[PDB]
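Asks: This is start-v1.csv (CSV, C-alpha atoms).
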```
chain,number,residue,atom,x,y,z
A,1,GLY,CA,88.7,109.2,62.9
A,2,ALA,CA,89.6,108.2,66.5
A,3,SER,CA,91.4,110.1,69.3
A,4,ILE,CA,94.5,109.1,71.2
A,5,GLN,CA,92.6,107.1,73.9
A,6,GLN,CA,90.8,104.7,71.4
A,7,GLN,CA,94.1,104.0,69.6
A,8,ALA,CA,95.8,103.4,73.0
A,9,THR,CA,93.1,100.9,73.8
A,10,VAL,CA,93.7,99.2,70.4
A,11,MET,CA,97.4,99.1,71.1
A,12,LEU,CA,97.0,97.5,74.5
A,13,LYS,CA,94.6,94.9,72.9
A,14,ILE,CA,97.3,94.2,70.3
A,15,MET,CA,99.9,93.8,73.1
A,16,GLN,CA,97.6,91.4,75.0
A,17,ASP,CA,96.9,89.2,72.0
A,18,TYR,CA,100.7,88.4,71.8
A,19,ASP,CA,101.3,88.1,75.6
A,20,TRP,CA,104.0,90.8,75.7
A,21,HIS,CA,103.4,91.6,79.3
A,22,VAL,CA,106.7,93.5,80.0
A,23,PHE,CA,107.1,97.0,78.8
A,24,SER,CA,108.0,100.6,79.7
A,25,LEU,CA,106.8,104.1,78.7
A,26,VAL,CA,108.7,106.7,76.7
A,27,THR,CA,107.1,110.2,76.3
A,28,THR,CA,108.5,113.4,74.7
A,29,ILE,CA,107.6,117.0,75.5
A,30,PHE,CA,104.9,116.8,72.8
A,31,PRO,CA,101.7,118.2,74.2
A,32,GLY,CA,98.9,115.8,75.2
A,33,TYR,CA,101.3,113.3,76.9
A,34,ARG,CA,99.8,113.6,80.4
A,35,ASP,CA,96.4,112.6,79.2
A,36,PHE,CA,97.9,109.5,77.6
A,37,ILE,CA,99.8,108.7,80.8
A,38,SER,CA,96.6,109.0,82.9
A,39,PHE,CA,94.6,106.9,80.4
A,40,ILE,CA,97.2,104.2,80.5
A,41,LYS,CA,97.3,104.2,84.3
A,42,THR,CA,93.5,103.9,84.5
A,43,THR,CA,93.4,101.2,81.8
A,44,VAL,CA,96.1,98.9,83.4
A,45,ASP,CA,94.5,98.9,86.9
A,46,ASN,CA,91.2,97.5,85.6
A,47,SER,CA,92.6,94.7,83.4
A,48,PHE,CA,92.7,90.9,83.5
A,49,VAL,CA,96.4,90.8,82.5
A,50,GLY,CA,98.4,92.4,85.3
A,51,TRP,CA,100.9,94.2,83.1
A,52,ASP,CA,104.6,94.7,84.0
A,53,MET,CA,105.3,98.4,83.6
A,54,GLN,CA,108.7,100.0,83.9
A,55,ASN,CA,109.1,103.6,85.0
A,56,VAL,CA,108.0,106.1,82.5
A,57,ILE,CA,110.7,107.7,80.3
A,58,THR,CA,110.2,111.5,79.9
A,59,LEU,CA,112.4,113.6,77.7
A,60,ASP,CA,113.3,117.2,78.7
A,61,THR,CA,114.7,118.8,75.5
A,62,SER,CA,116.6,117.7,72.4
A,63,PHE,CA,118.5,114.9,74.1
A,64,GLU,CA,122.0,116.1,75.1
A,65,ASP,CA,122.9,112.4,75.5
A,66,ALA,CA,124.4,113.3,78.9
A,67,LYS,CA,121.6,112.6,81.3
A,68,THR,CA,118.9,111.4,78.9
A,69,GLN,CA,121.1,108.4,78.0
A,70,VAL,CA,121.1,107.5,81.7
A,71,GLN,CA,117.3,107.0,81.5
A,72,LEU,CA,117.6,105.3,78.1
A,73,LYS,CA,119.9,102.7,79.5
A,74,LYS,CA,117.5,101.6,82.2
A,75,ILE,CA,115.0,100.6,79.5
A,76,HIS,CA,115.3,96.8,79.8
A,77,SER,CA,111.9,95.6,78.5
A,78,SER,CA,111.2,94.0,75.1
A,79,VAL,CA,108.1,96.2,74.3
A,80,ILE,CA,108.6,99.9,74.3
A,81,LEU,CA,105.9,102.6,73.9
A,82,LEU,CA,107.0,105.9,72.3
A,83,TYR,CA,104.9,109.1,71.9
A,84,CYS,CA,106.7,111.7,69.8
A,85,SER,CA,106.5,113.9,66.7
A,86,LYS,CA,108.1,112.7,63.4
A,87,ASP,CA,111.1,115.1,63.6
A,88,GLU,CA,112.1,113.9,67.1
A,89,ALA,CA,111.6,110.2,66.1
A,90,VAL,CA,114.5,110.1,63.7
A,91,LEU,CA,116.8,111.6,66.4
A,92,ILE,CA,115.6,109.2,69.2
A,93,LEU,CA,115.7,106.1,67.0
A,94,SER,CA,119.3,106.9,65.8
A,95,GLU,CA,120.2,107.4,69.4
A,96,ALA,CA,118.7,104.1,70.4
A,97,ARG,CA,120.4,102.3,67.5
A,98,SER,CA,123.7,103.7,68.6
A,99,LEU,CA,122.9,102.5,72.2
A,100,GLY,CA,122.2,99.0,70.8
A,101,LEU,CA,118.5,98.9,71.9
A,102,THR,CA,117.5,98.1,68.3
A,103,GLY,CA,117.4,94.3,68.6
A,104,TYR,CA,114.7,92.0,67.3
A,105,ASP,CA,113.1,91.6,70.7
A,106,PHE,CA,113.2,95.4,71.4
A,107,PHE,CA,109.8,96.1,69.7
A,108,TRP,CA,108.8,99.7,69.2
A,109,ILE,CA,105.1,100.9,69.3
A,110,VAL,CA,104.1,104.4,68.2
A,111,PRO,CA,100.7,106.1,67.6
A,112,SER,CA,99.4,107.5,64.3
A,113,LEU,CA,101.1,110.9,65.1
A,114,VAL,CA,104.6,109.8,64.3
A,115,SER,CA,103.6,108.1,61.1
A,116,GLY,CA,103.5,111.0,58.7
A,117,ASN,CA,103.5,110.9,54.9
A,118,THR,CA,103.3,107.5,53.3
A,119,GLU,CA,105.9,108.6,50.8
A,120,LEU,CA,108.2,110.3,53.4
A,121,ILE,CA,109.9,107.3,55.2
A,122,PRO,CA,113.1,108.0,57.2
A,123,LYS,CA,115.8,105.4,57.0
A,124,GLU,CA,116.2,105.2,60.8
A,125,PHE,CA,112.9,103.4,61.3
A,126,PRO,CA,113.7,99.7,61.7
A,127,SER,CA,111.9,97.3,59.4
A,128,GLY,CA,109.1,96.3,61.7
A,129,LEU,CA,108.0,99.4,63.5
A,130,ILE,CA,104.5,99.1,65.1
A,131,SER,CA,102.1,101.8,63.9
A,132,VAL,CA,98.3,102.2,63.7
A,133,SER,CA,96.7,105.0,61.7
A,134,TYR,CA,93.1,105.4,60.5
A,135,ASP,CA,94.2,105.7,56.8
A,136,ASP,CA,92.1,102.9,55.3
A,137,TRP,CA,93.1,102.7,51.7
A,138,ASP,CA,90.3,100.2,50.8
A,139,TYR,CA,87.7,102.9,51.3
A,140,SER,CA,87.9,105.9,49.1
A,141,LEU,CA,86.9,109.5,49.9
A,142,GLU,CA,83.7,109.0,47.8
A,143,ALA,CA,82.5,106.5,50.5
A,144,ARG,CA,83.4,109.0,53.2
A,145,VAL,CA,81.5,111.9,51.7
A,146,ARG,CA,78.5,109.6,50.9
B,1,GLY,CA,159.6,100.0,96.4
B,2,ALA,CA,157.1,97.6,94.9
B,3,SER,CA,156.2,96.7,91.3
B,4,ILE,CA,152.8,96.8,89.7
B,5,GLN,CA,151.8,93.3,90.7
B,6,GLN,CA,152.3,93.8,94.4
B,7,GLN,CA,150.3,97.0,94.3
B,8,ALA,CA,147.6,95.3,92.3
B,9,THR,CA,147.4,92.6,95.0
B,10,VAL,CA,147.1,95.3,97.7
B,11,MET,CA,144.3,96.9,95.7
B,12,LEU,CA,142.3,93.7,95.4
B,13,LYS,CA,142.8,93.2,99.2
B,14,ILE,CA,141.4,96.7,99.8
B,15,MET,CA,138.5,95.9,97.5
B,16,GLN,CA,137.8,92.6,99.3
B,17,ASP,CA,137.9,94.3,102.8
B,18,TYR,CA,134.9,96.5,101.7
B,19,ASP,CA,133.0,93.8,99.8
B,20,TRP,CA,132.8,95.7,96.5
B,21,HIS,CA,132.5,92.7,94.3
B,22,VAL,CA,131.3,94.3,91.1
B,23,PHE,CA,133.8,96.2,88.9
B,24,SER,CA,135.2,96.6,85.4
B,25,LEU,CA,138.7,97.2,83.9
B,26,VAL,CA,139.8,100.4,82.1
B,27,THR,CA,143.3,100.4,80.5
B,28,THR,CA,145.0,102.9,78.3
B,29,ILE,CA,147.7,102.4,75.7
B,30,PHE,CA,150.3,103.0,78.4
B,31,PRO,CA,153.0,100.2,78.2
B,32,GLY,CA,152.8,97.4,80.6
B,33,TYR,CA,149.0,97.0,80.6
B,34,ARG,CA,148.9,93.4,79.3
B,35,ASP,CA,151.0,92.2,82.2
B,36,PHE,CA,148.5,93.9,84.6
B,37,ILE,CA,145.6,92.2,82.7
B,38,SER,CA,147.3,88.8,82.9
B,39,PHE,CA,148.1,89.2,86.6
B,40,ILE,CA,144.5,90.2,87.4
B,41,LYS,CA,143.1,87.3,85.4
B,42,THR,CA,145.4,84.9,87.3
B,43,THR,CA,144.6,86.4,90.7
B,44,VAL,CA,140.8,86.4,90.3
B,45,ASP,CA,140.5,82.7,89.3
B,46,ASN,CA,142.3,81.5,92.5
B,47,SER,CA,140.3,83.6,95.0
B,48,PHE,CA,137.7,83.0,97.7
B,49,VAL,CA,135.5,85.9,96.6
B,50,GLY,CA,134.3,85.1,93.1
B,51,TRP,CA,134.5,88.6,91.7
B,52,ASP,CA,132.1,90.1,89.2
B,53,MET,CA,134.2,91.5,86.4
B,54,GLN,CA,132.8,93.5,83.5
B,55,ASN,CA,134.5,93.5,80.1
B,56,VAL,CA,137.9,95.3,80.0
B,57,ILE,CA,137.8,98.9,78.6
B,58,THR,CA,140.8,99.6,76.4
B,59,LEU,CA,141.5,103.0,74.8
B,60,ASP,CA,142.9,103.3,71.3
B,61,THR,CA,144.1,106.9,71.1
B,62,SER,CA,143.2,110.3,72.6
B,63,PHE,CA,139.5,109.6,72.8
B,64,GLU,CA,137.6,111.1,69.9
B,65,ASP,CA,134.4,110.7,72.0
B,66,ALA,CA,132.9,109.0,69.0
B,67,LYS,CA,133.4,105.3,69.6
B,68,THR,CA,135.3,105.4,72.9
B,69,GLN,CA,132.2,106.9,74.5
B,70,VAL,CA,130.3,103.8,73.3
B,71,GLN,CA,132.6,101.7,75.6
B,72,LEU,CA,132.5,104.2,78.4
B,73,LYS,CA,128.7,104.1,78.5
B,74,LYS,CA,128.6,100.3,79.1
B,75,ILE,CA,130.6,100.8,82.3
B,76,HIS,CA,127.8,100.1,84.9
B,77,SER,CA,129.7,99.0,87.9
B,78,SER,CA,130.4,101.0,91.1
B,79,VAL,CA,134.1,100.1,91.3
B,80,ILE,CA,136.3,101.0,88.3
B,81,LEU,CA,139.9,100.3,87.8
B,82,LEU,CA,142.0,102.7,85.7
B,83,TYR,CA,145.6,102.4,84.5
B,84,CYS,CA,146.8,105.5,82.8
B,85,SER,CA,149.5,108.3,82.9
B,86,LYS,CA,148.8,111.6,84.6
B,87,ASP,CA,148.3,113.6,81.4
B,88,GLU,CA,145.6,111.2,80.1
B,89,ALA,CA,143.9,111.0,83.5
B,90,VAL,CA,142.7,114.6,83.4
B,91,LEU,CA,141.2,114.1,79.9
B,92,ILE,CA,139.5,110.8,80.8
B,93,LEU,CA,138.2,112.1,84.2
B,94,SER,CA,136.7,115.3,82.6
B,95,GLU,CA,135.2,113.0,79.9
B,96,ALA,CA,133.6,110.8,82.6
B,97,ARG,CA,132.3,113.8,84.6
B,98,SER,CA,130.6,115.0,81.4
B,99,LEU,CA,129.2,111.5,81.0
B,100,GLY,CA,127.9,111.7,84.5
B,101,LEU,CA,129.8,108.6,85.8
B,102,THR,CA,131.2,110.7,88.6
B,103,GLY,CA,128.7,109.8,91.2
B,104,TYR,CA,129.4,108.9,94.8
B,105,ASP,CA,129.1,105.1,94.2
B,106,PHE,CA,131.3,105.3,91.1
B,107,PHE,CA,134.5,104.8,92.9
B,108,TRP,CA,137.8,105.1,91.0
B,109,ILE,CA,141.0,103.2,91.7
B,110,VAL,CA,144.4,104.0,90.1
B,111,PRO,CA,147.9,102.8,90.8
B,112,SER,CA,150.9,105.0,91.9
B,113,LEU,CA,151.7,105.8,88.3
B,114,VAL,CA,148.9,108.4,87.9
B,115,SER,CA,149.6,110.0,91.2
B,116,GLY,CA,152.4,112.3,90.3
B,117,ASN,CA,153.7,115.3,92.3
B,118,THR,CA,152.1,115.9,95.7
B,119,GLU,CA,152.0,119.6,94.9
B,120,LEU,CA,150.7,119.2,91.3
B,121,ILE,CA,147.0,118.3,91.8
B,122,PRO,CA,144.6,118.6,88.9
B,123,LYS,CA,141.1,119.9,89.6
B,124,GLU,CA,139.4,117.1,87.7
B,125,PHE,CA,140.3,114.5,90.3
B,126,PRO,CA,137.1,114.0,92.4
B,127,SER,CA,137.6,114.4,96.2
B,128,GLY,CA,138.0,110.7,97.1
B,129,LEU,CA,140.2,109.2,94.4
B,130,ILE,CA,141.7,105.9,95.4
B,131,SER,CA,145.5,105.8,95.1
B,132,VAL,CA,148.4,103.8,96.6
B,133,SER,CA,152.0,104.9,96.4
B,134,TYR,CA,155.1,103.9,98.3
B,135,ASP,CA,155.8,107.5,99.4
B,136,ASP,CA,155.9,107.0,103.2
B,137,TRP,CA,156.4,110.4,104.8
B,138,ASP,CA,156.9,109.1,108.3
B,139,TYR,CA,160.3,107.5,107.2
B,140,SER,CA,162.9,110.0,106.0
B,141,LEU,CA,165.6,109.3,103.5
B,142,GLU,CA,168.1,109.0,106.3
B,143,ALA,CA,166.4,105.8,107.4
B,144,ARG,CA,166.4,104.6,103.8
B,145,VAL,CA,170.2,105.1,103.3
B,146,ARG,CA,170.9,103.7,106.8
```
Would you encode the structure as structure tokens?
Replies:
Amino acid sequence: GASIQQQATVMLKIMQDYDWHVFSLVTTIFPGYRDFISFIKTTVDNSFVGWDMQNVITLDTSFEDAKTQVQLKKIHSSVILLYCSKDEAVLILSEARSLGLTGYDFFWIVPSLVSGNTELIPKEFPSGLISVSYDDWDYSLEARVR
Amino acid sequence: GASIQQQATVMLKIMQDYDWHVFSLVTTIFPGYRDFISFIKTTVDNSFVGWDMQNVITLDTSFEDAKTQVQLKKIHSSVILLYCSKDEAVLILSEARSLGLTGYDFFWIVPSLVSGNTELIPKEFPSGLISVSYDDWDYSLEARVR
């Protein structure tokens, strides 16, 4: 399976193939966020697209909805990148749905980390969340061990 | 002394003289609000300024901070107009200070109604509230009766 950087490259490829050149960056206190930030910064500056990046949204704690909502309001793009654990995702998505940022154009992209069990599916995930995970169900574990 | 409409005209003159052309409208359930709304609507449409007006904020009851905060968040202007009694002003101002809308650029304008006793001064009023009242202390009651 792949690391965070390979999946981030795949995500930016997917974004390019649909010409969604305006986005932001939302990161939680989950460890390993700064490496993701640095990889994105290095990837954008050597690209043919010239992406429009809004200022990075960083959470501090479980959002009090007092000063965190101030940063959440300034998110004006259509594509949003989120890097969080599964437990915080339900809270943040309910918060955004209350803020009204859950429109059709407000796409949401998350790595394989937030997509947990296939059976466990929170109701606060809008129908159309963007996720990429290495779980290929066409290839069984027998092929893997072979 | 003057009515609500004359004081509203004076307030809009004050706003024009500082070129604060972006504002909203916050009204409570205090009686006489609809006349103020109609007067403002008629005054703006025949003006040289072309004011930017956000949607009017109307309170329903003592704010539960459940759906009222939804409307309070959408207030994004620098100039805010408030029409309320003195008892509700402390509650609403504490609510806004908790929401963080108590910045230096977030000016607050209120009529003579909310400014009660000169001695009675709540602590929740930020230093710099905008108020206009006909209490002219340079002219005594002797001149008035004369």
Asks: Please identify every residue of chain A that has at least one atom no more than 10 Å from any atom of chain B, counting only C-alpha atoms, and report them as a PyMOL selection string.
Replies: chain A and resi 65-67+69-70+73+98-100
Asks: Rounded to one decimal in Å, what is the spacing between atom CA of residue B:7 and atom CA of residue B:33?
Replies: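 Answer for the atom CA of residue B:7 to atom CA of residue B:33 separation: 13.8 Å.
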Asks: List the neighbours of stretch 12-23 of chain A out to 12 Å using all atoms listed in the file; skip same-chain residues closer than 4 positions along the sequence, and give me the result as a ChimeraX atom specification.
Replies: /A:5-8,39-41,43-44,47-57,74-82,105-111,130-132
Asks: Take atom CA of residue A:58 and atom CA of residue A:71 and report the distance between them in Å, one decimal.
Replies: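 Separating atom CA of residue A:58 from atom CA of residue A:71 is a distance of 8.6 Å.
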Asks: In Å to one decimal, how far is atom CA of residue A:93 from atom CA of residue A:125?
Replies: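 Going from atom CA of residue A:125 over to atom CA of residue A:93 covers 6.9 Å.
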